[PDB]
Amino acid sequence: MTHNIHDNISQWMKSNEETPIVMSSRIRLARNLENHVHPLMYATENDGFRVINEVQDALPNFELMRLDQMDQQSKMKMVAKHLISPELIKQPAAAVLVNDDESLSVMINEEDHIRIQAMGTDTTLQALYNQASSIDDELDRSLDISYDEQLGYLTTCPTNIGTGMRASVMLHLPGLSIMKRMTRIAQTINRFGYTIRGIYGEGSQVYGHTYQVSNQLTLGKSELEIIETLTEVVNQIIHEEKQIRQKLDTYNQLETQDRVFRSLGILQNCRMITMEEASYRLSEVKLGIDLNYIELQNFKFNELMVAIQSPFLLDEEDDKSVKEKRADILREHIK
Amino acid sequence: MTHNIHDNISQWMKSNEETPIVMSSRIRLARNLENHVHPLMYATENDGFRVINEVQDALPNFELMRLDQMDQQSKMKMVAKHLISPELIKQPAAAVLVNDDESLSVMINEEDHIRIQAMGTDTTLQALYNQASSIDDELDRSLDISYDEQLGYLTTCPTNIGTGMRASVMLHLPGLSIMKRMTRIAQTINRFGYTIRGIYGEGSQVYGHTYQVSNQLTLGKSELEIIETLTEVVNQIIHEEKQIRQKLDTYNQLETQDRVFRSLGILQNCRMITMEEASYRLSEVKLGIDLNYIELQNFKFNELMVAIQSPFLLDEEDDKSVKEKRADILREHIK
Amino acid sequence: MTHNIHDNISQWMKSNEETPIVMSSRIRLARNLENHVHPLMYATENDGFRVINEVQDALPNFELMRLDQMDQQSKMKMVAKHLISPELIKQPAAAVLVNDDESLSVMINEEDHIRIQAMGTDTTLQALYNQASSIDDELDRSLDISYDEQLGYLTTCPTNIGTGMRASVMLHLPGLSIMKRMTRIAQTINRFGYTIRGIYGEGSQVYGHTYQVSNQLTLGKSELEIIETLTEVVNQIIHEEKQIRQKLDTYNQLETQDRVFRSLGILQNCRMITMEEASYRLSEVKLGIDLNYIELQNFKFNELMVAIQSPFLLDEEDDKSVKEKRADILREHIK
Amino acid sequence: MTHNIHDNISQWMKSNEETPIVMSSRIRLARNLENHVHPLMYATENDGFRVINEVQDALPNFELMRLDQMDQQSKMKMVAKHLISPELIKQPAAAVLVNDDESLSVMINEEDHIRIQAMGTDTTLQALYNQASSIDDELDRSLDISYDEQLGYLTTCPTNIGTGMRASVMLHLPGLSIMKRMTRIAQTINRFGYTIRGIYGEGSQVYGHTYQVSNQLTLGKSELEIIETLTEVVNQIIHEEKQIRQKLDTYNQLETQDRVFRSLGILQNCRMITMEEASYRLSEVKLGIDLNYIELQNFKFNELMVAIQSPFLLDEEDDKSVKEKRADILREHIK
Amino acid sequence: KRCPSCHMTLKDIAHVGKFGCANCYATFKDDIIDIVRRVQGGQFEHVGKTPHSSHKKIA
Amino acid sequence: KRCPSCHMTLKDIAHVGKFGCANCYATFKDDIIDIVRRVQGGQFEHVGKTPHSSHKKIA
Amino acid sequence: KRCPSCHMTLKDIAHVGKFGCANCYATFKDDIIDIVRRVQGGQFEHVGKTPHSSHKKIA
Amino acid sequence: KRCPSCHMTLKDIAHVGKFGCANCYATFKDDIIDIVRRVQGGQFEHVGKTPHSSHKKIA
Ligand SMILES: [Zn+2]
Ligand SMILES: [Zn+2]
Ligand SMILES: [Zn+2]
Ligand SMILES: [Zn+2]
């Protein structure tokens, strides 16, 4: 019916079994604009149209998808794909540029920037940074940006002054969460001045299923320094996660096998599944496949996670048939 | 794996889908013996051997299975098939006669009787009564029983004086138990002076899965009267159960379908199933087979309910592998 | 606040500490009437007025309280005092006679009778029976009742043909209910053909706080026989309840003392108490006083259990202030 | 029973009703020593005795309490008073100096320092800092410390290089914890690079009852800067906590009054109280006292929370007799 | 066929399972005793209470 | 006083509430019928099963 | 006192805690560097990214 | 290569991540300042407390 269960295929969704504890990576580049009076603080459509036209003819190779011609359905469909933040949809003058290959983006007039964002492969952040640089030469060549010499760029005070970089990684951590080993390690990582963040959906998931780590200070430092710091801090948490995974496999094995197979059995053949349960059960069956037990998707985990959200279905019927339809797609795509 | 898996086949286990709320029927005939001093109150083996030899040569067509040559394993294996009561195994002088066709039995020296018992088909109790009568002519012809004229036979005071008859039926009542409609109807049936009894195993099952109805006074009445009274009173509860089932099928249908299929999914693919859960889940899937939702066999369910008990398995290993083996046989025979 | 917290005083509410497991006793006398066409099956007010006037001038010493001049508040206030059954209030032609001393009653035109009821002291049922007989001489002297010789009186088929007697006792059984010893003993007492019944309020109380035992067959027997049978069946249970109490007092004593004092502490100082909790807590503190631990102000347990019901309070405000007021009267009268 | 229910009286335990959300304050001063080879990495008693004698005759006005002459009972009794950390008791060469007035301390040979600690009043941290400075003049005058010019002092790498200062505050935050407003604000305060810490006892208390805020970087900064920063960051939270309290008082008031008084009622009259429950109930009654509900005493809250600890009772009797002793001292001191 | 006083069929009173009046007994006593015996055990041999007015005159 | 065959007191068999043998009936039938009537409703009028050997000869 | 381009008071931008334009820096840089140092640790010594157009001509 | 006073390798003190004595600094200060800068933000520019005995004589 709906066309958002295979139109996403990429390397980062496909080749994620060798290092299954990492899911994707982000990098941002926030920078303001010259010859305009605070692009967001305004009264009318005019500053919006001016900046929109400017950035539009600045690069004819891309295509636009404005806020005006979009109903709420497509808006949330694109929010749940991580291409929008809410303050964009709250902005009548806002817009978005994209690449049809769908590896880069530009959130025009979102909040005090243009924000060349780039999500992508799992191999290295450096290739993504190089692609964003190969866009940045063109942009800063075709126009003058509000650069400073004492400081670096000049975007917004508490977030980005030195450089607009902000990198992040998406992590799947079930073991330390079933064993209650996240607050201690959260303090351990806050020791340096980094942070660990929530999930796809609700920021109250106790059993993990996903996590996100990011930096805190893009101030008074270079780029590659923060890159290598985050990369080295992420090899530690992957190491600690794989320590509680071999332990459980050799030590008990039976409570593990029981939980895993029981959740797989509930998942198919339910017909009435809500959200929380489907998420939890999916994390558990994936853990099972990581320990070589069952043989299922292993590349459609992220695609199901991103397809089962409510605004993909609620916009057609009331919620009581939406439960049936969610359960139907789960039962249909698992086996 | 165990012998019970298929060596029991009979009409009452096979053709039980047209009227699936009835499972089997019982009739007893308790009567004491003459020229012996209270066959149970004794000191030595001698009264036991005398009565045993007497009843043995009284009918050479049958075969014996004594208490002495049997270990506890076979003892409980036969108790869980409803051919023994505990006070028989508590009796060093006790014994049992059988029929290899396995439709009749005689519990020699059990408690104040010989107790020609007969279990069997679902069509009518009258055929079973006629078979027991066609045994009784031979027995009372070959020997003199302690008969009286003012009273009838003479066995034991609070239970059987008039005649030794005691009939019973085995009923499967899930609907009234999920709806909490058993105490009221228990009072309703006690209005007349009858009783409703427990189950295969534990007498604390709240969700039904089985029930048993029996008489209370085999005193000062004929036989066919009580037969027709029990038959008419059991027709009432079978009729009350078919109404509420139709109600649930036409009214909700979705909570029903959910519970049923979810329990079926847990049942296979668990590997660690205890007793209570397997019983409950079996009752639910059987209800769902009757509401025409799934498939599977049905004679298999009587065999399973009688095969999953612990003393069939505990006598080989400790309980922790017994859980695994119970789950294995369930997973193997369901699908 | 309500005048119904002391206007009831009697011997049966006062001297109930020596034998504290008994609360009160009942006896009924149901009998129909001559020269009238089935006093209840009618179309208009006329049969009601005729029978009402007849029984009214039959005994001028009493006073009437009709159904017409009473609002629902007073109706439920008198129902919760055990002087009415619902089919009386469902009857537009119904009425009630009383005695201002409030030890006897007559439910005119309730259901197929006049039902001289008599509740009272704890010493003996015989004094109450004698009082009802000293009323019955007058009634059957002033008028002709539908008496028969082969049968006795003639009231209604499944309930009262021989004589209209139906006796009952009110019992407080917490120990056997905290220990799950009520279904077994219910079967034990049903062995004879008697019954055990619910409570003040809801017939779903698992922890006791009250119970009621009654007869089943007032048919083909005398009166004193049933009196002595019920009396002897109630001496057995009180003896069973006094054994387990001594066991708990000498064996643990500390879980007991903890539960008791904790419930007493919750009871006062709550301000927001619903029904179930107040009942449960009251039973527990009474058990404590019976085991001679707490010695508090008064022992109006009976007045409280009959005063805390909702229709005494709901008829003034919505339920949310009724909770406050119930808690207020509890906190005020306990200590 | 124990002498440790009044021998602690001080200003910080007494005058804590004006600002009841603050409980006490800490400051540390960690600094190593010269002419000794890493005072902790050693083989024998000798370095311990040398440093102990040196610091002992360095200040004759104080008194010693060594590790050797102390049994485990007194050791834990002093640990639960916040004068010891575990690595001190794990050290056979360790010792402790004190002041009998009990406002200052010195943990000789604890871990890479001597650690002049000072706990005290609620008015200001500056008076405590001045007292520690008026000790530090004497100590650094009588001996040469391992001072550096490029860096400051020189104690230990990840904790204290610049200066040994580490300040902290003890906070009581029930409202934001019953309302689930602690993870968000934890991220908010980690924004700057500070931390919020656990409690008296277990670091798994979800409903608050206590919290502790501390700094993270005593590096490359002055002293008064960090003092003022922490003061302002802890003044932001006391306002947030005082704002939600007024909300709950004016908005509901009845759920609040119910919970408070119910917990007070359980607290006295229980006789069998474990740890978690007594803590929770104490926090709730204190919240109530702040909304002006009860009288009793309130300075004792500080002593009661440290006295119910296991070591003050468990060292003498079994844990079940200690449940009864904790309950005895709770029921006793409250009212 | 109906009752003289109630004018009510006896299959009707069997359906509700109740009792019309004394005339209903006088004309349906066979079925009444039959059903009383069938339901309430087997004790249709009934002794009632010693009445007052009848024997006041007859003995 | 005891039974001929069992040599068991009748207060004893009353305590266990059981039945010794035919001789116990032949010597304690009064109390036996009494207690059967007292407990099992009131139906001490007993009709048994049509036997075989007795009437095979007596009718 | 206000900004030339935004015409916005600096207590105002302090209240929202935001940044108007380059002119706001050119006229309020003292307070800007002050608050950046006060909040974001103490690292007001900023090295940015190697720009393009500036040093395309200046070096 | 070892310390004069502690006689402890600097890979060893790096493993435990600790500090031997003043001599360890005097001979390993390069790596010490390096790791302090690497971990504790970037604030290796350290101002300590105003000491007593040093300036008591030097100023
Ligand atoms: Zn009639
Ligand atoms: Zn005998
Ligand atoms: Zn401006
Ligand atoms: Zn050294």
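Chains as they are written, first to last, in the UniProt record's numbering: chain A, 1 to 335; chain B, 1 to 335; chain C, 1 to 335; chain D, 1 to 335; chain E, 85 to 143; chain F, 85 to 143; chain G, 85 to 143; chain H, 85 to 143. Cβ coordinates follow ideal geometry from the N, Cα and C atoms, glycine included.
Would you mind telling me which residues of chain H sit closer than 9 Å to residue i, beta carbon to beta carbon, in chain order?
i	result
D:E34	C105, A106
Out of curiosity, what's the CA-to-CA distance linking residue i and residue j?
i	j	result
B:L217	C:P86	35 Å
G:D118	A:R184	35 Å
C:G201	C:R166	21 Å
B:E317	B:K323	10 Å
A:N16	A:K286	12 Å
A:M272	B:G288	16 Å
residue 336 of chain D	D:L104	Within the shown structure, residues of chain D are numbered from 1 to 335, placing residue 336 of chain D beyond reach of any answer.
B:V22	E:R122	26 Å
What are the boundary residues of the beta strand (DSSP E) that residue i is part of?
i	result
D:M70	Premise fails: D:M70 is in no beta strand (DSSP E) and is neither H nor E.
C:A118	116-120
C:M41	Here C:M41 belongs to no beta strand (DSSP E), and DSSP marks it neither H nor E.
C:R197	195-197
D:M182	Segment: none, D:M182 is in no beta strand (DSSP E) and carries neither H nor E.
A:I27	22-29
A:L171	165-171
Helix, strand or coil, according to DSSP, for residue i in the structure here?
i	result
C:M78	helix
B:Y129	helix
A:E255	helix
A:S214	strand
D:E284	helix
A:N160	strand
A:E63	strand
A:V234	helix
For the alpha helix (DSSP H) that residue i lies in, which residues bound it at each end?
i	result
D:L104	Careful: D:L104 lies outside any alpha helix (DSSP H), inside the beta strand (DSSP E) at 104-106.
B:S85	It is not in any alpha helix (DSSP H) - B:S85 carries neither H nor E in the DSSP assignment.
G:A106	106-123
A:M305	301-307
Give the interface partners of residue i over in chain B, defined as CB-CB distance under 8 Å, in chain order.
i	result
C:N190	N190, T195
Run down chain A in chain order and give the residues with a C-beta less than 8 Å from the C-beta of residue i.
i	result
B:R271	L254, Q257, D258, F261
Using the beta-carbon of each residue, which ones in chain B are nearer than 7 Å to residue i?
i	result
F:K95	Within chain B, no residue comes near F:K95; the closest Cβ sits about 15 Å away, beyond 7 Å.
Since residue i meets chain H, which of its residues come closer than 7 Å, beta carbon to beta carbon?
i	result
D:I161	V120, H130
Exercise for the section: Output, in sequence order along the chain, the residues in the segment 253-266 of chain D whose CB is closer than 9 Å to any CB in chain C. Expected result: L254, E255, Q257, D258, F261, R262, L264, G265, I266
Practice task
Can you give me, in chain order, the residues of the segment 112-135 of chain G that have a beta carbon less than 7 Å from any beta carbon in chain H?
Solution key: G125, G126, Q127
Exercise for the section: Quick one: which residues of the segment 208-223 of chain B get their C-beta closer than 9 Å to a C-beta of chain E? List them in chain order. Expected result: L217, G220, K221
Practice task
Using a Cβ-Cβ cut-off of less than 7 Å, list which residues of the segment 125-139 of chain A approach chain G; keep chain order.
Solution key: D137
Problem - Near-chain C residues of the segment 90-112 of chain D - C-beta to any C-beta below 9 Å - result: none
Problem - Near-chain F residues of the segment 225-238 of chain B - C-beta to any C-beta below 8 Å - result: none
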